[PDB]
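Asks: query01.csv is reproduced in full below (CSV, C-alpha atoms).
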chain,number,residue,atom,x,y,z
M,940,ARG,CA,60.8,-17.5,19.7
M,941,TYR,CA,58.6,-19.5,17.4
M,942,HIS,CA,55.8,-18.7,15.0
M,943,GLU,CA,52.0,-19.5,15.1
M,944,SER,CA,49.1,-20.0,12.8
M,945,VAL,CA,46.6,-17.3,11.6
M,946,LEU,CA,44.6,-16.3,8.5
M,947,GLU,CA,44.4,-13.1,6.4
M,948,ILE,CA,41.0,-12.9,4.8
M,949,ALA,CA,42.8,-10.9,2.0
M,950,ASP,CA,41.9,-7.6,3.7
M,951,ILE,CA,45.2,-6.1,2.4
M,952,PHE,CA,43.5,-4.8,-0.7
M,953,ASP,CA,41.0,-2.5,0.9
M,954,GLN,CA,39.5,-2.7,-2.6
M,955,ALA,CA,35.8,-3.6,-2.7
M,956,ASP,CA,34.0,-6.1,-5.1
M,957,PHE,CA,36.7,-8.7,-4.5
M,958,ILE,CA,37.5,-11.0,-1.5
M,959,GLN,CA,33.8,-11.7,-0.9
M,960,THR,CA,34.2,-14.9,1.1
M,961,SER,CA,35.9,-14.8,4.6
M,962,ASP,CA,38.0,-16.8,7.0
M,963,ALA,CA,35.4,-19.5,8.0
M,964,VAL,CA,35.2,-21.2,4.5
M,965,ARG,CA,38.8,-22.5,4.9
M,966,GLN,CA,38.0,-24.0,8.4
M,967,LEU,CA,35.2,-26.0,6.8
M,968,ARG,CA,37.5,-27.3,4.0
M,969,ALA,CA,40.2,-28.4,6.4
M,970,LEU,CA,37.5,-29.9,8.7
M,971,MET,CA,36.5,-32.1,5.7
M,972,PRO,CA,38.4,-35.4,5.4
M,973,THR,CA,39.8,-35.7,1.9
M,974,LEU,CA,37.8,-36.1,-1.3
M,975,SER,CA,39.0,-38.2,-4.3
M,976,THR,CA,38.0,-37.6,-7.9
M,977,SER,CA,35.3,-40.3,-8.0
M,978,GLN,CA,34.0,-39.2,-4.5
M,979,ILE,CA,33.6,-35.6,-5.7
M,980,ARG,CA,31.7,-36.8,-8.8
M,981,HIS,CA,29.4,-38.9,-6.6
M,982,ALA,CA,28.9,-35.9,-4.3
M,983,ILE,CA,27.9,-33.6,-7.1
M,984,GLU,CA,25.4,-36.3,-8.4
M,985,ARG,CA,23.7,-36.8,-5.0
M,986,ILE,CA,23.0,-33.1,-4.3
M,987,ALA,CA,21.7,-32.8,-7.9
M,988,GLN,CA,19.3,-35.7,-7.8
K,1,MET,CA,-4.0,38.7,14.1
K,2,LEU,CA,-0.3,39.1,14.8
K,3,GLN,CA,-0.4,42.1,12.7
K,4,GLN,CA,2.6,41.8,10.5
K,5,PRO,CA,6.3,41.8,11.4
K,6,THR,CA,8.3,44.2,9.3
K,7,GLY,CA,11.0,42.2,7.5
K,8,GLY,CA,8.7,39.2,6.9
K,9,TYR,CA,6.3,36.8,8.5
K,10,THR,CA,9.1,34.3,8.1
K,11,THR,CA,11.3,36.2,10.6
K,12,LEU,CA,8.9,35.3,13.4
K,13,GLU,CA,10.4,31.9,14.2
K,14,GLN,CA,7.2,30.2,15.7
K,15,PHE,CA,7.0,28.3,12.4
K,16,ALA,CA,10.2,27.7,10.5
K,17,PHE,CA,11.6,24.9,8.3
K,18,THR,CA,14.0,22.0,9.1
K,19,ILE,CA,14.7,19.1,6.8
K,20,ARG,CA,15.2,16.0,8.9
K,21,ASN,CA,18.8,14.8,8.0
K,22,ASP,CA,18.1,11.3,9.5
K,23,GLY,CA,18.2,11.2,13.3
K,24,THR,CA,19.1,14.8,13.5
K,25,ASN,CA,17.3,17.8,12.0
K,26,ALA,CA,19.2,20.7,10.2
K,27,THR,CA,18.8,23.8,8.1
K,28,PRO,CA,18.1,24.0,4.3
K,29,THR,CA,21.4,25.9,3.9
K,30,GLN,CA,23.3,23.0,5.6
K,31,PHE,CA,21.7,20.3,3.4
K,32,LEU,CA,22.4,21.7,-0.1
K,33,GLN,CA,26.2,21.0,0.0
K,34,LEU,CA,26.1,17.2,0.4
K,35,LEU,CA,25.3,17.3,-3.3
K,36,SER,CA,27.9,17.9,-6.2
K,37,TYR,CA,27.3,18.7,-9.8
K,38,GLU,CA,28.3,17.0,-13.1
K,39,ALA,CA,28.3,19.2,-16.2
K,40,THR,CA,27.2,17.2,-19.3
K,41,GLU,CA,27.3,18.3,-22.9
K,42,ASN,CA,23.7,19.6,-23.0
K,43,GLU,CA,22.5,23.2,-23.0
K,44,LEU,CA,19.4,25.1,-22.0
K,45,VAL,CA,18.5,28.7,-22.7
K,46,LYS,CA,16.7,30.9,-20.3
K,47,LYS,CA,13.3,31.5,-21.9
K,48,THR,CA,11.1,34.4,-21.0
K,49,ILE,CA,7.7,33.8,-19.3
K,50,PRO,CA,4.3,34.8,-20.7
K,51,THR,CA,1.9,36.9,-18.5
K,52,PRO,CA,-0.9,35.2,-16.6
K,53,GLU,CA,-4.4,35.9,-17.8
K,54,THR,CA,-6.4,37.8,-15.1
K,55,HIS,CA,-9.6,35.9,-14.6
K,56,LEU,CA,-9.7,34.2,-11.2
K,57,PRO,CA,-12.9,32.1,-10.6
K,58,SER,CA,-15.9,34.0,-9.2
K,59,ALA,CA,-17.2,33.9,-5.6
K,60,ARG,CA,-19.4,31.1,-4.3
K,61,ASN,CA,-19.2,30.3,-0.6
K,62,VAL,CA,-20.2,26.6,-0.4
K,63,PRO,CA,-19.8,25.8,3.3
K,64,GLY,CA,-16.7,23.6,3.7
K,65,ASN,CA,-14.1,25.0,6.1
K,66,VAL,CA,-11.7,24.5,3.2
K,67,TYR,CA,-8.1,23.7,4.0
K,68,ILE,CA,-6.7,25.7,1.1
K,69,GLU,CA,-3.2,26.0,2.5
K,70,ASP,CA,-3.1,22.2,3.2
K,71,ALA,CA,-4.2,21.4,-0.3
K,72,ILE,CA,-1.5,23.6,-2.0
K,73,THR,CA,1.4,22.0,0.0
K,74,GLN,CA,0.0,18.5,-0.8
K,75,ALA,CA,0.1,18.6,-4.6
K,76,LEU,CA,3.6,20.1,-5.2
K,77,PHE,CA,5.4,17.9,-2.7
K,78,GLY,CA,2.8,15.5,-1.4
K,79,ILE,CA,3.3,11.7,-2.0
K,80,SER,CA,0.7,10.6,-4.6
K,81,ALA,CA,-2.0,13.2,-4.1
K,82,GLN,CA,-5.5,12.7,-5.6
K,83,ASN,CA,-8.0,15.1,-7.1
K,84,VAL,CA,-5.6,18.0,-6.5
K,85,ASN,CA,-7.0,20.1,-9.4
K,86,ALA,CA,-10.7,19.9,-8.5
K,87,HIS,CA,-12.5,23.3,-8.8
K,88,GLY,CA,-14.5,23.8,-5.6
K,89,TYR,CA,-11.7,24.8,-3.1
K,90,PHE,CA,-10.1,27.7,-5.0
K,91,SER,CA,-13.3,29.4,-5.9
K,92,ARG,CA,-14.0,29.7,-2.2
K,93,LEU,CA,-10.6,31.3,-1.6
K,94,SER,CA,-10.9,34.1,-4.2
K,95,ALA,CA,-13.6,35.6,-1.9
K,96,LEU,CA,-10.6,36.5,0.3
K,97,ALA,CA,-9.1,39.4,-1.7
K,98,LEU,CA,-12.4,41.2,-1.4
K,99,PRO,CA,-12.4,44.4,0.6
K,100,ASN,CA,-14.8,44.0,3.5
K,101,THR,CA,-15.5,40.2,3.8
K,102,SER,CA,-16.4,38.2,6.9
K,103,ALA,CA,-13.9,35.4,6.0
K,104,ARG,CA,-10.6,35.2,7.8
K,105,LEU,CA,-7.7,32.9,6.9
K,106,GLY,CA,-6.7,30.9,10.0
K,107,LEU,CA,-3.0,31.0,11.1
K,108,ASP,CA,-3.0,27.2,11.0
K,109,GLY,CA,-4.1,27.3,7.4
K,110,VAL,CA,-7.9,26.7,7.6
K,111,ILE,CA,-10.3,29.2,6.0
K,112,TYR,CA,-13.5,30.3,7.8
K,113,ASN,CA,-16.7,32.1,7.2
K,114,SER,CA,-17.4,35.0,9.7
K,115,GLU,CA,-14.9,34.3,12.4
K,116,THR,CA,-13.8,32.9,15.8
K,117,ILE,CA,-12.2,34.1,19.0
K,118,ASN,CA,-10.1,31.1,20.2
K,119,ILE,CA,-8.2,31.3,16.9
K,120,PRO,CA,-5.7,34.0,15.8
K,121,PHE,CA,-5.1,34.7,12.1
K,122,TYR,CA,-3.4,36.9,9.6
K,123,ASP,CA,-4.7,40.5,9.3
K,124,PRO,CA,-7.2,40.8,6.4
K,125,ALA,CA,-4.9,43.1,4.3
K,126,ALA,CA,-2.0,40.5,4.2
K,127,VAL,CA,-4.3,37.8,2.8
K,128,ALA,CA,-6.0,40.3,0.5
K,129,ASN,CA,-2.9,40.8,-1.6
K,130,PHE,CA,-2.1,37.1,-1.3
K,131,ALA,CA,-5.3,35.6,-2.7
K,132,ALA,CA,-5.3,38.4,-5.3
K,133,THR,CA,-2.5,36.3,-7.0
K,134,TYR,CA,-2.8,32.6,-5.9
K,135,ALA,CA,-6.5,32.3,-6.6
K,136,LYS,CA,-5.6,32.3,-10.3
K,137,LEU,CA,-3.9,28.9,-10.1
K,138,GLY,CA,-7.4,27.5,-9.5
K,139,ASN,CA,-8.3,27.4,-13.2
K,140,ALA,CA,-4.8,26.5,-14.4
K,141,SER,CA,-6.5,23.4,-15.9
K,142,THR,CA,-8.8,25.1,-18.5
K,143,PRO,CA,-8.1,24.3,-22.1
K,144,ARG,CA,-7.9,28.0,-22.9
K,145,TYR,CA,-6.0,29.5,-19.9
K,146,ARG,CA,-3.7,26.5,-19.3
K,147,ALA,CA,0.0,27.1,-18.6
K,148,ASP,CA,3.2,25.7,-20.2
K,149,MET,CA,5.4,23.0,-18.7
K,150,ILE,CA,8.2,21.8,-21.1
K,151,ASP,CA,9.8,25.2,-20.8
K,152,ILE,CA,9.4,26.7,-17.3
K,153,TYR,CA,11.9,24.0,-16.2
K,154,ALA,CA,14.8,26.0,-17.8
K,155,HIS,CA,14.6,28.0,-14.5
K,156,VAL,CA,14.4,25.2,-11.9
K,157,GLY,CA,17.9,24.1,-12.9
K,158,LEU,CA,19.7,27.4,-12.6
K,159,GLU,CA,18.5,27.7,-9.0
K,160,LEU,CA,19.2,24.2,-7.9
K,161,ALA,CA,22.7,24.1,-9.4
K,162,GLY,CA,22.9,27.6,-10.9
K,163,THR,CA,26.5,28.7,-10.7
K,164,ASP,CA,26.7,32.4,-10.0
K,165,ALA,CA,28.3,33.2,-13.3
K,166,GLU,CA,25.5,31.2,-14.8
K,167,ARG,CA,22.5,33.0,-13.3
K,168,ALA,CA,24.5,36.1,-14.2
K,169,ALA,CA,24.5,35.0,-17.8
K,170,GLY,CA,21.6,33.4,-19.7
K,171,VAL,CA,22.7,29.8,-20.5
K,172,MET,CA,23.6,26.9,-18.3
K,173,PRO,CA,25.1,23.5,-19.3
K,174,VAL,CA,22.8,20.5,-18.4
K,175,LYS,CA,24.0,19.3,-15.0
K,176,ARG,CA,23.7,16.0,-13.2
K,177,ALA,CA,23.1,16.0,-9.5
K,178,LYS,CA,24.7,13.5,-7.1
K,179,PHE,CA,24.8,13.5,-3.3
K,180,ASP,CA,25.3,11.1,-0.3
K,181,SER,CA,22.3,8.8,0.6
K,182,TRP,CA,20.4,6.8,3.2
K,183,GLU,CA,18.3,4.6,0.9
K,184,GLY,CA,14.9,5.9,1.8
K,185,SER,CA,16.2,9.5,1.6
K,186,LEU,CA,14.3,10.8,-1.4
K,187,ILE,CA,10.9,9.8,0.0
K,188,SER,CA,12.0,10.7,3.5
K,189,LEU,CA,12.7,14.3,2.6
K,190,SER,CA,9.4,14.5,0.6
K,191,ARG,CA,7.5,13.2,3.6
K,192,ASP,CA,9.1,15.9,5.7
K,193,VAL,CA,8.7,19.1,3.6
K,194,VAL,CA,4.9,18.7,3.5
K,195,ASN,CA,4.5,20.3,7.0
K,196,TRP,CA,6.4,23.6,6.4
K,197,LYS,CA,3.2,25.8,6.5
K,198,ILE,CA,4.2,27.0,3.0
K,199,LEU,CA,1.3,29.4,3.3
K,200,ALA,CA,3.4,31.6,5.6
K,201,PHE,CA,6.2,31.9,3.0
K,202,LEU,CA,3.7,32.9,0.3
K,203,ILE,CA,1.2,35.2,2.2
K,204,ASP,CA,4.2,37.4,2.8
K,205,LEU,CA,5.8,37.2,-0.7
K,206,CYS,CA,3.0,39.6,-1.7
K,207,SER,CA,3.0,41.9,1.4
K,208,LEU,CA,6.7,42.8,1.6
K,209,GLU,CA,7.8,46.0,-0.1
K,210,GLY,CA,10.8,47.5,-1.7
K,211,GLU,CA,13.4,47.2,1.0
K,212,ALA,CA,11.8,44.5,3.2
K,213,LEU,CA,11.7,42.5,0.0
K,214,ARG,CA,15.4,43.0,-0.9
K,215,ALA,CA,16.3,41.5,2.4
K,216,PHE,CA,13.7,38.7,2.2
K,217,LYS,CA,15.0,37.2,-1.1
K,218,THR,CA,18.6,37.5,0.1
K,219,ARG,CA,17.9,35.3,3.2
K,220,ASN,CA,15.3,32.7,2.2
K,221,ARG,CA,17.2,32.0,-1.0
K,222,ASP,CA,17.5,28.5,0.5
K,223,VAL,CA,13.9,27.8,1.8
K,224,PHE,CA,13.0,28.2,-1.9
K,225,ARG,CA,15.9,26.2,-3.4
K,226,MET,CA,14.8,23.3,-1.1
K,227,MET,CA,11.2,22.8,-2.3
K,228,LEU,CA,12.5,23.4,-5.8
K,229,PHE,CA,14.8,20.4,-5.6
K,230,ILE,CA,12.3,18.0,-4.0
K,231,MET,CA,9.9,19.1,-6.8
K,232,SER,CA,12.6,18.7,-9.6
K,233,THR,CA,13.0,15.1,-8.4
K,234,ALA,CA,9.7,13.7,-9.6
K,235,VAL,CA,10.5,15.2,-13.1
K,236,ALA,CA,14.0,14.0,-14.1
K,237,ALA,CA,14.0,10.5,-15.7
K,238,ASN,CA,16.6,8.0,-14.4
K,239,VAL,CA,17.9,7.4,-10.9
K,240,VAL,CA,21.2,5.5,-10.8
K,241,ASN,CA,22.8,4.3,-7.5
K,242,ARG,CA,26.6,4.2,-7.2
K,243,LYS,CA,28.1,1.7,-4.8
K,244,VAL,CA,31.5,3.1,-3.8
K,245,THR,CA,33.9,2.0,-0.9
K,246,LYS,CA,31.4,1.5,2.0
K,247,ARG,CA,29.2,4.4,0.8
K,248,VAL,CA,26.0,4.5,-1.3
K,249,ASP,CA,25.0,7.3,-3.6
K,250,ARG,CA,21.9,8.6,-5.4
K,251,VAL,CA,22.2,10.3,-8.8
K,252,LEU,CA,19.4,12.5,-10.1
K,253,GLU,CA,19.6,12.3,-13.9
K,254,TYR,CA,19.0,15.7,-15.3
K,255,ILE,CA,18.2,18.8,-13.2
K,256,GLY,CA,16.9,20.9,-16.1
K,257,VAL,CA,14.6,18.9,-18.3
K,258,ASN,CA,11.0,17.6,-18.1
K,259,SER,CA,11.3,13.9,-19.0
K,260,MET,CA,7.5,14.0,-18.8
K,261,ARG,CA,7.1,11.1,-16.3
K,262,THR,CA,8.3,8.5,-13.8
K,263,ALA,CA,11.5,9.7,-12.3
K,264,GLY,CA,11.8,6.5,-10.3
K,265,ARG,CA,8.4,4.9,-9.5
K,266,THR,CA,10.0,3.4,-6.4
K,267,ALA,CA,13.1,5.4,-5.6
K,268,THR,CA,11.2,8.8,-5.4
K,269,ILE,CA,7.8,10.6,-5.7
K,270,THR,CA,5.9,10.6,-8.9
K,271,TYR,CA,3.8,13.2,-10.9
K,272,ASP,CA,0.5,12.3,-12.5
K,273,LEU,CA,-0.8,14.2,-15.5
K,274,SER,CA,-3.0,16.4,-13.3
K,275,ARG,CA,0.2,17.4,-11.6
K,276,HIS,CA,2.2,18.9,-14.5
K,277,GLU,CA,-1.0,20.9,-15.1
K,278,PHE,CA,-0.7,22.2,-11.6
K,279,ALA,CA,3.0,22.5,-10.5
K,280,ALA,CA,3.5,24.3,-13.9
K,281,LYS,CA,0.9,27.0,-13.4
K,282,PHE,CA,2.3,27.3,-9.8
K,283,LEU,CA,5.9,28.1,-10.9
K,284,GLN,CA,4.5,30.5,-13.5
K,285,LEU,CA,3.3,32.6,-10.6
K,286,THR,CA,6.0,32.3,-7.9
K,287,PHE,CA,8.8,32.8,-10.5
K,288,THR,CA,7.3,35.8,-12.1
K,289,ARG,CA,6.4,37.4,-8.8
K,290,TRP,CA,9.7,36.2,-7.4
K,291,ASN,CA,11.7,38.0,-10.1
The structure given in the file should be rewritten as structure tokens.
Replies:
Amino acid sequence: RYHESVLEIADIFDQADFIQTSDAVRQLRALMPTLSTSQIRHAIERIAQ
Amino acid sequence: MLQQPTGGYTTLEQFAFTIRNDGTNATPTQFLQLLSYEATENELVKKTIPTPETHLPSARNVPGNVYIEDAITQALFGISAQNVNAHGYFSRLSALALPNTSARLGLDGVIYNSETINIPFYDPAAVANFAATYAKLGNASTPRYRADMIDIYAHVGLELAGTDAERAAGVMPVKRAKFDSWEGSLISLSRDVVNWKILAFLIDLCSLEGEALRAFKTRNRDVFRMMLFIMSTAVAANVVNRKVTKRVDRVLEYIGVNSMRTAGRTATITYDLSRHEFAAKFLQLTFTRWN
């Protein structure tokens, strides 16, 4: 009886001031294609200028 | 008239006092606990109080329908009052203690010349003993007669956080108050206390006698503590907020010491220089008469 796929949000600290971000930021990252070193450098430059 | 109830004018119940603990009102006794006390390494000594010079301003009768009771409540607790210490209103009041005067203090707190039918008041004898003592505050401002400030506050503290072994003894360590909070709570309670008809609590603090007094002080020991705290807020210097768990907390910096100004210009209610001149000469009368 197989597994599945979920996320934790790091709620198992119950300790405030940490774990500010949530689940959704990972979904956006995985949604992204893939970024190479020179592509990231280009992307930083474009948003800056 | 209502004559007078034996055991207080505050045992009537028509007019009482309820701090609005957010969406639900409460009793002063019930509110004091939400606050805890932090003993710091500072000490104050209970200093004795000088007598008040007897020389209340003479009688004038300018025609104003003066709201003397309304003015009093405004300066001590009111949020940013203006011209509180002006001379004209009190002078009119002092006419009140005079045996045989057509000038009756309205129950609602408005003073009149002659009288009215549609309005019930306090019997002339109850007010006579009242204005005998609180007319004096009027001239608290004069260079000669003016009262202290940097020292009466050694009493404010014992009452707010006075441990029972502490008000039994003479000296209390400088404390630091901290209680739960709703963000706009300090201003919110100060907006609320302004309508207590604080006249009623005072016009009977001079009429009650040897036994009726012993019972009065032993019951309203809260209604006094309340206006004392709200007043001691404007005076203490630094307000620090603590963000714990999912809670939020207000700390009042030092319960027993006149910083001389500010408190928090935004987080609380502030005292002008014509306020320390007033609230001081006020406490110099209620405290002495109180104990």
Asks: Tell me, as a VMD selection string, which residues lie within 10 Å of stretch 950-953 of chain M, counting all atoms listed in the file; anything in the same chain fewer than 5 positions away does not count.
Replies: (chain M and resid 958 961) or (chain K and resid 245)
Asks: Output C-alpha atoms for every residue in the selection just made, as a CSV table (one decimal), in the coordinates of the input.
Replies:
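Result went into part-v5.csv, see below:
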chain,number,residue,atom,x,y,z
M,958,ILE,CA,37.5,-11.0,-1.5
M,961,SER,CA,35.9,-14.8,4.6
K,245,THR,CA,33.9,2.0,-0.9
Asks: Give as a PDB file with C-alpha atoms, keeping the file's coordinate frame every residue of chain K that touches chain M within 12 Å, counting all atoms listed in the file.
Replies:
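Okay, selection.pdb is ready:
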ATOM      1  CA  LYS K 243      28.100   1.700  -4.800  1.00  0.00           C
ATOM      2  CA  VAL K 244      31.500   3.100  -3.800  1.00  0.00           C
ATOM      3  CA  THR K 245      33.900   2.000  -0.900  1.00  0.00           C
ATOM      4  CA  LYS K 246      31.400   1.500   2.000  1.00  0.00           C
ATOM      5  CA  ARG K 247      29.200   4.400   0.800  1.00  0.00           C
TER       6      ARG K 247
END
Asks: Show which residues sit within 12 Å of residue K:117, as a list in words. Count all atoms listed in the file, and ignore same-chain residues fewer than 4 positions away.
Replies: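 In the requested format, the answer is residues 1, 104, 106, 112 and 121 of chain K.
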Asks: Find the residues near stretch 127-138 of chain K: any atom within 9 Å, counting all atoms listed in the file, skip ones fewer than 4 places away on the same chain, and give them as a PDB file with C-alpha atoms, in the coordinates of the input.
Replies:
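Saved result, part_39.pdb, follows:
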ATOM      1  CA  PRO K  52      -0.900  35.200 -16.600  1.00  0.00           C
ATOM      2  CA  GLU K  53      -4.400  35.900 -17.800  1.00  0.00           C
ATOM      3  CA  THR K  54      -6.400  37.800 -15.100  1.00  0.00           C
ATOM      4  CA  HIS K  55      -9.600  35.900 -14.600  1.00  0.00           C
ATOM      5  CA  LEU K  56      -9.700  34.200 -11.200  1.00  0.00           C
ATOM      6  CA  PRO K  57     -12.900  32.100 -10.600  1.00  0.00           C
ATOM      7  CA  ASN K  85      -7.000  20.100  -9.400  1.00  0.00           C
ATOM      8  CA  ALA K  86     -10.700  19.900  -8.500  1.00  0.00           C
ATOM      9  CA  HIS K  87     -12.500  23.300  -8.800  1.00  0.00           C
ATOM     10  CA  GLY K  88     -14.500  23.800  -5.600  1.00  0.00           C
ATOM     11  CA  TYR K  89     -11.700  24.800  -3.100  1.00  0.00           C
ATOM     12  CA  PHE K  90     -10.100  27.700  -5.000  1.00  0.00           C
ATOM     13  CA  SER K  91     -13.300  29.400  -5.900  1.00  0.00           C
ATOM     14  CA  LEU K  93     -10.600  31.300  -1.600  1.00  0.00           C
ATOM     15  CA  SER K  94     -10.900  34.100  -4.200  1.00  0.00           C
ATOM     16  CA  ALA K  95     -13.600  35.600  -1.900  1.00  0.00           C
ATOM     17  CA  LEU K  96     -10.600  36.500   0.300  1.00  0.00           C
ATOM     18  CA  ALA K  97      -9.100  39.400  -1.700  1.00  0.00           C
ATOM     19  CA  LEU K  98     -12.400  41.200  -1.400  1.00  0.00           C
ATOM     20  CA  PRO K  99     -12.400  44.400   0.600  1.00  0.00           C
ATOM     21  CA  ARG K 104     -10.600  35.200   7.800  1.00  0.00           C
ATOM     22  CA  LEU K 105      -7.700  32.900   6.900  1.00  0.00           C
ATOM     23  CA  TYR K 122      -3.400  36.900   9.600  1.00  0.00           C
ATOM     24  CA  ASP K 123      -4.700  40.500   9.300  1.00  0.00           C
ATOM     25  CA  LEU K 202       3.700  32.900   0.300  1.00  0.00           C
ATOM     26  CA  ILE K 203       1.200  35.200   2.200  1.00  0.00           C
ATOM     27  CA  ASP K 204       4.200  37.400   2.800  1.00  0.00           C
ATOM     28  CA  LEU K 205       5.800  37.200  -0.700  1.00  0.00           C
ATOM     29  CA  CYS K 206       3.000  39.600  -1.700  1.00  0.00           C
ATOM     30  CA  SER K 207       3.000  41.900   1.400  1.00  0.00           C
ATOM     31  CA  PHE K 278      -0.700  22.200 -11.600  1.00  0.00           C
ATOM     32  CA  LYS K 281       0.900  27.000 -13.400  1.00  0.00           C
ATOM     33  CA  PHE K 282       2.300  27.300  -9.800  1.00  0.00           C
ATOM     34  CA  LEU K 285       3.300  32.600 -10.600  1.00  0.00           C
TER      35      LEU K 285
END
Asks: Please list as number ranges by chain every residue within 12 Å of residue K:217, counting all atoms listed in the file and excluding residues in the same chain fewer than 2 positions away.
Replies: K: 7-8, 10, 201, 204-205, 208-215, 219-225, 289-291
Asks: Neighbours of residue K:78 within 7 Å (all atoms listed in the file; same-chain residues fewer than 4 positions away dropped), as a PDB file with C-alpha atoms, keeping the file's coordinate frame?
Replies:
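part_17.pdb, written as the output of this step:
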ATOM      1  CA  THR K  73       1.400  22.000   0.000  1.00  0.00           C
ATOM      2  CA  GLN K  74       0.000  18.500  -0.800  1.00  0.00           C
ATOM      3  CA  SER K 190       9.400  14.500   0.600  1.00  0.00           C
ATOM      4  CA  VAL K 194       4.900  18.700   3.500  1.00  0.00           C
TER       5      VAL K 194
END
Asks: Which distance in Å separates atom CA of residue K:2 and atom CA of residue K:125, to one decimal?
Replies: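 Separating atom CA of residue K:2 from atom CA of residue K:125 is a distance of 12.1 Å.
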Asks: Using atom CA of residue K:173 and atom CA of residue K:272 as the two end points, give the distance in Å to one decimal.
Replies: 27.9 Å
Asks: Please compute the atom CA of residue K:248-atom CA of residue K:22 distance, one decimal, in Å.
Replies: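 These atoms are spaced 15.0 Å apart.
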Asks: (42.8, -15.4, 3.0) in this file's frame - what residues fall within 12 Å of it? Use all atoms listed in the file and give the answer as an NGL selection string.
Replies: :M and (945-952 or 957-966)
Asks: Export, as a CSV table (one decimal), in the frame of the given file, the selected residues with C-alpha atoms.
Replies:
chain,number,residue,atom,x,y,z
M,945,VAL,CA,46.6,-17.3,11.6
M,946,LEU,CA,44.6,-16.3,8.5
M,947,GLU,CA,44.4,-13.1,6.4
M,948,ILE,CA,41.0,-12.9,4.8
M,949,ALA,CA,42.8,-10.9,2.0
M,950,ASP,CA,41.9,-7.6,3.7
M,951,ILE,CA,45.2,-6.1,2.4
M,952,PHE,CA,43.5,-4.8,-0.7
M,957,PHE,CA,36.7,-8.7,-4.5
M,958,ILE,CA,37.5,-11.0,-1.5
M,959,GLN,CA,33.8,-11.7,-0.9
M,960,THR,CA,34.2,-14.9,1.1
M,961,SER,CA,35.9,-14.8,4.6
M,962,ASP,CA,38.0,-16.8,7.0
M,963,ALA,CA,35.4,-19.5,8.0
M,964,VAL,CA,35.2,-21.2,4.5
M,965,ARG,CA,38.8,-22.5,4.9
M,966,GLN,CA,38.0,-24.0,8.4
